[PDB]
């Protein structure tokens, strides 16, 4: 088939470049991978091509430009590559963490848009610099395609002022744009649209609450198909318990600890972002799988951390049920913990039965796959409970494709491929076949999509 409608997506950190290559016309992920230790000694690419063994190559990358060059060379390599030449790529979608209130939707990057991103860089100091370096790097390597910014905060720009304002001097909002922004926008967008499909409803008629529980974790209250409130803040620090981030805390606590320790703002910022969360409580574990294993071994710090995560999730579900003003149609679990953390999901939902959330423990225990969307609520639960594995890369891919085509708009005026009842994820469909060979009962909880033919 025609292989020339390929989209590259990139997510660049201070020392890494994650990539995916998507063939739009054949609806397939051709490859994904990561360059690690970018700007550091020992840079190394790990490249996973469809149907091939993992490929690993050490090659120095003192800059993000070297990392993008290494990706392209690997993708076009005759033996391990997946595209015939670099011109097979027709657009690049880049992750940008923070758009302030200057960006409500994805954009094609221009010099003026880059200047605008510089205005907001100070809102996302720990993330935007490397995202922008990645844009600048890829623009040099792939100069003849549109480079698009898909912005983690943009989904949340529908929040009303009563949700996004902090109770702070109004001049801090007016002069410094201090307000709640929220993150995980591509994940919430994707899972909100999938939830509408599963419910058989137009998005604008849906009222749902989504928990993206990954290493970073946040919740979104989706009222009439749009973000109404979300748990992260000006920055990704606020809200739920996370792997290394504190989430919610008395704003005066960091200042107290500073007076006790001598730490300065940047150090306190690092402690709250890199040494808190589950790692801080347990003293050693970031991954929820390690927390759960240690709890089962009797580790009281892990048991505490697990329970703190559960309790804060319960409180946020309660808060956002209140915020919705009505019973939600559904709650959604996504990201790694949402998809695999059956014990977290059980403990959260068992504490919410008086709010209409009734999990079925047998269904919940079966939902331990990234390859299927499932319903784990009891048949008669007032509120449906879905596990919807996310697909941030597909949002980035489709935004770049639609911007390149000229049809992209904000989601209240734009229709995504994955809003179709007949949308399929080819790689996940193949993985599900394998999952069902080993656990046939999983088939009984896969969602039944209205109108899917």
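Positions refer to the first chain, counted from 1.
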{"property": "Selected stretch [higher average CA B-factor]: 235-243 or 104-112", "result": "104-112"}
{"property": "Entry-level comparison of average CA B-factors, 273-281 and 341-349, reporting the higher stretch", "result": "273-281"}
{"property": "Selection from 221, 154, 253, 357 [criterion: highest C-alpha temperature factor in the record]", "result": "253"}
{"property": "Member of 161, 299, 309, 85 with the greatest C-alpha B factor (per the PDB record)", "result": "85"}
{"property": "Ranked against its chain, the third holding the CA B-factor of residue 421", "result": "middle"}
{"property": "Assigned third (lowest, middle, highest) for the C-alpha B factor of residue 216", "result": "middle"}
{"property": "For residue 385, the third of its chain into which the C-alpha B factor falls", "result": "lowest"}
{"property": "Lowest, middle or highest third - CA B-factor, residue 57", "result": "highest"}
{"property": "For residue 261, the third of its chain into which the C-alpha B factor falls", "result": "highest"}
